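> just to be clear, this is only the beginning of the complex, oriented as in the whole thing:
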Amino acid sequence: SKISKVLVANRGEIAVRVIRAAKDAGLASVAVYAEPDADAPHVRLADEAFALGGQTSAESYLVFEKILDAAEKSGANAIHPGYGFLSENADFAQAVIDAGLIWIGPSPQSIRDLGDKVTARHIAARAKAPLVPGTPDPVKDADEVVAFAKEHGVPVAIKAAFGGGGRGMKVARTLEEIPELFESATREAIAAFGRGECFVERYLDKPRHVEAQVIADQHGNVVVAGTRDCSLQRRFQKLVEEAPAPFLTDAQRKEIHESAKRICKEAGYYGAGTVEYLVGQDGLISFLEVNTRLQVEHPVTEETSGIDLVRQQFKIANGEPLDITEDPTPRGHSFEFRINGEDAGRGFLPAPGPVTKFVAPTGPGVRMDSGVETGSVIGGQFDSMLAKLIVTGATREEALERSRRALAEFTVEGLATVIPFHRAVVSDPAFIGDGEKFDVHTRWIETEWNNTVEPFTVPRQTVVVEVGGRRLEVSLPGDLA
């Protein structure tokens, strides 16, 4: 009738964040591990861990019953998807009801609508959220795209409605691209998402990205923890983010903080998930995405507002009311740099290998949350992420000064990492903001920066045992002799 043991269905950098929040909450806290990670810190930090096995995502985390058996064998009443693998799967979200489990996530039906960026964008307009207005109709055929390309004008997005991870994000810049990019995005969408939907809207010339985090309770209250900027991206992947809102007006800020509640309440929502927007080069704003999950870059919420979002989710699972109610007025500034195994000398190409040391700085203003530990080995079969570096001060440039010390101390040994680029954007003239304006935007990375970096130069065995008529599997090092 209450939460007492909880399964954190995820690895690494979110895994230790959630398992730590469960340890602080005093819950029985359980992890799940793929075979290559059998020595990883994220598989060691939990109280209990269960094997998914296999070496690839299709063999491992994309497989459901391994979690449901870990649920039965632990007795865990509740599963938290974490992010990415399981947080919006409508069949798993009812399989948990067949299994008789609590669901830590969005409403099982609303998953069908919140994922459709057409009718969800109708909902955003209905909620009066900021938008570039685009077309109300999915593309009936390409000549409706050519009509929009004539009347509303190029550049026209041909972006997939169920796209993510940088997939299907494509834009046609000239009329010659429109047909072939619509075609190849359709041929992409039917492969990547099982569905053809994409929609037409004005592509913004030089936007930034901005987000907030939203929290509610089943009793019906809703509060918002903070607004933050995510502008550094490559191949549409996120590289660096900054918080609190550096440059928006109080009108736009207040709209973000109230519309977060509105787009909860009008959906009947009571969960969490980062809300995402872009800022135009002139200070226009457009809505973009209800990221209906924890992004790993949430943790500046503890330094600004104290809220444990996972513990508020536990309070919601208990049906407890919200406590943190009055404005946690934000102070200082913070950046998060994502630490990845990638060679900045050769276009940030990822590389496998061991890490001999992973230097997190010390002192005031610096925090680090990681899923990788000193002596790890890295490979591209899972996410390339290693850790999150969160660094903060009394002002944006003071946080960059503590960064200029901290990241020049921050070092990784044995493998390639992005720290050189983070140092560069910490130092070169374009990114320096005056306190109420800066010039940088998306696609700044593609051509507006200049790169100078030099590149980085036995099995297990199974023994079966029978116990009174049970078959039991036991796994052993192929090493005792």
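Received it, and whenever you're ready, just let me know what you need. Residues are numbered from 1 along each chain as shown, chains lettered A, B, ... in the order given.
> now for residue A:22: which residues touch it?
If you count contacts by CB atoms under 8 Å, 6 or more residues apart in numbering, residue A:22 has them with A:6, A:8, A:28, A:29, A:310. Any C-beta I mention is one placed from the backbone N, CA and C, and that applies to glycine too.
> need the three-state assignment for residue A:392.
For residue A:392, the assignment made with DSSP: H, G, I helix; E, B strand; the rest coil gives strand.
> not counting its neighbours along the chain, what's nearest it?
residue A:334 (3.8 Å; CB to CB, 6 or more residues apart in numbering).
> can I get the helix or strand hosting residue A:96 in CSV, CA atoms only?
Using DSSP states H and E, the element containing residue A:96 is helix A:92-98. Taking C-alpha atoms only, helix A:92-98 is exported to CSV below (Å, rounded to 0.1, in the frame of the first residue of the first chain):
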residue,chain,number,x,y,z
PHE,A,92,5.2,-1.9,-21.0
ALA,A,93,3.1,0.7,-19.2
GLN,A,94,0.1,-1.7,-19.3
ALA,A,95,2.3,-4.8,-18.8
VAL,A,96,3.1,-3.3,-15.4
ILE,A,97,-0.6,-3.3,-14.7
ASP,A,98,-0.8,-7.0,-15.8
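> not counting sequence-adjacent ones, nearest residue to the residue nearest the centre of chain A?
Geometric centre of chain A, nearest residue: residue A:295, 3.1 Å, by CA atoms, centre = their mean. Leaving out its chain neighbours, the residue that sits closest to residue A:295 by CB to CB, 6+ apart is residue A:274, at 5.2 Å.
> what number of residues are in the vicinity of that neighbour?
Residue A:274 has 21 neighbours, counted by other CB atoms under 10 Å.
> isn't it up against residue A:296?
No - judged on CB atoms under 8 Å, residue A:274 makes no contact with residue A:296 at a distance of 10.5 Å.
> returning to what we had before: show me what contacts the residue nearest to residue A:295?
Residue A:274 sits next to A:211, A:212, A:213, A:214, A:291, A:293, A:294, A:295, A:298 when contact means CB under 8 Å, 6+ apart.
> ok, so what distance separates it from residue A:227?
Separation of residue A:274 from residue A:227 (CB to CB, to the nearest Å): 10 Å.
> overlap in contacts of those two?
In contact with both residue A:274 and residue A:227: A:211, A:212, using CB under 8 Å, 6+ apart.
> related to what we said a few turns ago, now the residue nearest to the centre of chain A: which helix or strand?
Per DSSP H and E, there is no helix or strand for residue A:295.
> surely it touches residue A:83?
Yes - using CB under 8 Å, residue A:295 makes contact with residue A:83 at a distance of 6.9 Å.
> surely residue A:19 forms part of a helix?
Yes - under three-state DSSP, residue A:19 sits within a helix.
> buried stuff in stretch A:75-89?
Residues of stretch A:75-89 classed as buried by neighbour count (16 or more other CB atoms under 10 Å): A:76-89.
> would you check how far apart the residue nearest to the centre of chain A and residue A:273 are?
9 Å.
> burial count for residue A:382?
17.
> now for it: which residues touch it?
Residue A:382 touches A:11, A:34, A:36, A:37, A:57, counting by CB under 8 Å, 6+ apart.
> coming back round to it: quickly check the buried residues of stretch A:75-89 for the two that are furthest apart.
Within the buried residues of stretch A:75-89, A:77 and A:84 form the most distant pair, 22.8 Å apart (CB to CB).
> quick one: residues contacting residue A:399.
When contacts are counted by CB under 8 Å, 6+ apart, residue A:399 touches A:332, A:333, A:334, A:335, A:365, A:391, A:392, A:393.
> meant to ask about residue A:395
Residue A:395 neighbours (CB under 8 Å, 6+ apart): A:332, A:333, A:435.
> include this sequence as chain B:
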Amino acid sequence: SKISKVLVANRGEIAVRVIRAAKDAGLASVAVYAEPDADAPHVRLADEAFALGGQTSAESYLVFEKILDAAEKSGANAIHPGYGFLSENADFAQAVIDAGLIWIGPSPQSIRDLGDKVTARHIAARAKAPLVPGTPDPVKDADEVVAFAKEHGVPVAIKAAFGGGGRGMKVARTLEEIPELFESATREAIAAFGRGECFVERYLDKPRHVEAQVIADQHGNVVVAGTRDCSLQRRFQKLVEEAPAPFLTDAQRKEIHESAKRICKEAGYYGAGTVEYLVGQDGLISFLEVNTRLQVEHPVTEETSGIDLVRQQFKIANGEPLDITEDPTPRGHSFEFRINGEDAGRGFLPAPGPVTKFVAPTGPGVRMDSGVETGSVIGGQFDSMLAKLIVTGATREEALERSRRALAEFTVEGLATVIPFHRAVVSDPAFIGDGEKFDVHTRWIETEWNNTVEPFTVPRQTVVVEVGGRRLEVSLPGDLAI
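This next block brings in chain B, placed alongside the chains you saw above:
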């Protein structure tokens, strides 16, 4: 005056702190190092650093001519003294000022007028702060303690007249006893410092030690950046710290603020500072002692109020004021703990050594200072202290909930740590709280509490075994038959 290259004339904890704070400001920073601590992170991080050729603090950091030769050979222009070696013998500051370097702090006279602990009461009374009764002169002879205790009734504490990193202390219960413990403390006193004086101010049954974290300005601004409570004490020494004072109303907190503003203005104080207080279980408050070079617990007092607590001195040297001009309100709650190499389960018998394992705290609500890294070795005559853990939440209990994981991930090996004891007090029903009160006080843990720690000081084989898909760690003798 306007800084251009800073030398920090001290070892350990404060050198890493100053070098990082200076590199945050973008200021060139210089270190001097002894033979057994030349590998510390501060000497590594300093832009230039120079050898003393000594082994104990006496052959290494305590020599002025060697420090000034290093300051020449480095080209330093501004001096930071750090803490814990030369911080009270102000004739070192006389040597610095005679050498013409900039001083990153309050002037020599502002030190001398408060260097004897006798005069702390004098200027607290000039400020008309709340204060404990006591004589203005020190103990002149063994009849004074008896004459005072005759009617300012027993028991009586006996304190050293001089403060800092090492001073004598005793307590005597009735008139017949006091001279023996006075003369034994006097023999240690005359071994510690060049003046023979002791100081008396009765006794308290429930003394909490409390302080104001204070900043003051040559432009006459004051910012009381926070308040703290030290109620866990052992052998009359401090152990653990917090960012607010708990369980006190505004009518109590005002006394901690408003006595410090008056003394700072009449002493002409400038920059960051501190004022100590003694406080009771019953919520009495009185002034104790000013602190001008602080016990170093900067991060929470910085990060609650949004001020860099060193760079304001660089601004004042350039002649700029403090950025805050009105009293802050403590925002959230935070804890600080210092970990030492002591066999807590044996009575805290010291044991420094190698930090053969030293595993970083990470994640939500935590910060970390360390002077040392895995594979370093402690010099055989330094103090037992190692590193600091910093923790935060909205309130006490949330910061202790966080500490119960954060201090358990802080694996350290090769030398002792107080980690198990900090885990205990992080959990103890007396030191935790729902918010209204706590019972702990300076004599409580030593005269009444139960210390249950297991202290620090054929091979075993270790294997990972998994049953039913459940992971386990297993270890067994490495020398078994069969």
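> repeat for the contacts of residue A:382, accounting for chain B.
A:11, A:34, A:36, A:37, A:57 (CB atoms under 8 Å, 6 or more residues apart in numbering or on different chains).
> quick one, phi/psi of it?
For residue A:382, the backbone dihedrals (degrees, to the nearest 10) come out as phi -120, psi -170.
> residue A:256: how many residues sit nearby?
23 (other CB atoms under 10 Å in any protein chain shown).
> sheet-wise, list the partners of the strand ranked longest in chain A with their directions.
Counting by DSSP state E, the longest strand found in chain A is strand A:222-234. Applying DSSP bridges to the sheet, strand A:222-234 is found paired with strand A:208-216 (antiparallel), strand A:237-243 (antiparallel).
> what comes up buried for the shortest one?
Judged by neighbour count (16 or more other CB atoms under 10 Å in any protein chain shown), strand A:237-243 contains these buried residues: A:238, A:239, A:240, A:241, A:242, A:243.
> ok, residues contacting the next helix-or-strand element following it?
Note on strand A:237-243: by DSSP H and E, the next helix or strand toward the C-terminus is helix A:250-265. For helix A:250-265, contacts defined as CB under 8 Å, 6+ apart pick out A:123-124, A:127-130, A:210, A:212, A:214, A:216, A:222, A:224, A:227, A:245, A:248, A:269-270, A:275, A:277, A:285, A:290.
> which of these count as buried?
A:123-124, A:127, A:129-130, A:210, A:212, A:214, A:216, A:222, A:224, A:227, A:245, A:248, A:269-270, A:275, A:277, A:285, A:290.
> starting at the chain centroid, how far to stretch A:354-371?
20 Å (CA atoms, centre = their mean, to the nearest Å).
> count the residues that sit near the residue of the stretch 101-250 of chain A found nearest chain B.
In the stretch 101-250 of chain A, the residue that lies nearest chain B is residue A:244 (12.2 Å; CB to the nearest CB). Around residue A:244 there are 21 other residues, counting by other CB under 10 Å.
> just give the nearest non-adjacent residue to it, would you?
Nearest residue to residue A:244 in three dimensions, chain neighbours excluded: residue A:330, at 4.1 Å (CB to CB, 6 or more residues apart in numbering or on different chains).
> that neighbour reaches residue A:226, doesn't it?
Yes - if you go by CB under 8 Å, residue A:330 and residue A:226 touch, sitting 5.7 Å apart.
> what would the strands paired with strand A:222-234 look like in TSV with distance to residue A:449?
Shown next, in TSV, are those (distance: least, CB to CB, whole Å):
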stretch	distance to residue A:449
strand A:208-216	15
strand A:237-243	11
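> so which of the ones you listed gets nearest residue A:304?
So among these, strand A:237-243 is nearest, using CB to CB, at 6.9 Å.
> then that closest one to PDB, C-alphas only?
Output in PDB follows, covering the C-alpha atoms of strand A:237-243 (Å, rounded to 0.1, in the frame of the first residue of the first chain):
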ATOM      1  CA  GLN A 237      23.200  16.500 -29.700                       C
ATOM      2  CA  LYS A 238      23.500  18.600 -26.500                       C
ATOM      3  CA  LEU A 239      27.000  19.600 -25.300                       C
ATOM      4  CA  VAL A 240      26.600  22.300 -22.600                       C
ATOM      5  CA  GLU A 241      23.800  24.000 -20.700                       C
ATOM      6  CA  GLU A 242      23.400  27.000 -18.300                       C
ATOM      7  CA  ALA A 243      21.000  28.100 -15.600                       C
END
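> residues in contact with that strand?
Contacts to strand A:237-243, defined as CB under 8 Å, 6+ apart, come from residues A:166, A:209, A:211, A:226-233, A:297, A:300, A:304, A:330, A:333-338, A:396, A:418, A:421-422, A:425, A:445.
> quick one: buried ones out of the residues you listed?
A:209, A:211, A:226-233, A:297, A:300, A:304, A:330, A:333-338, A:396, A:418, A:421-422, A:425, A:445.
> closest residue of the stretch 201-350 of chain A to chain B?
residue A:306 (4.6 Å).
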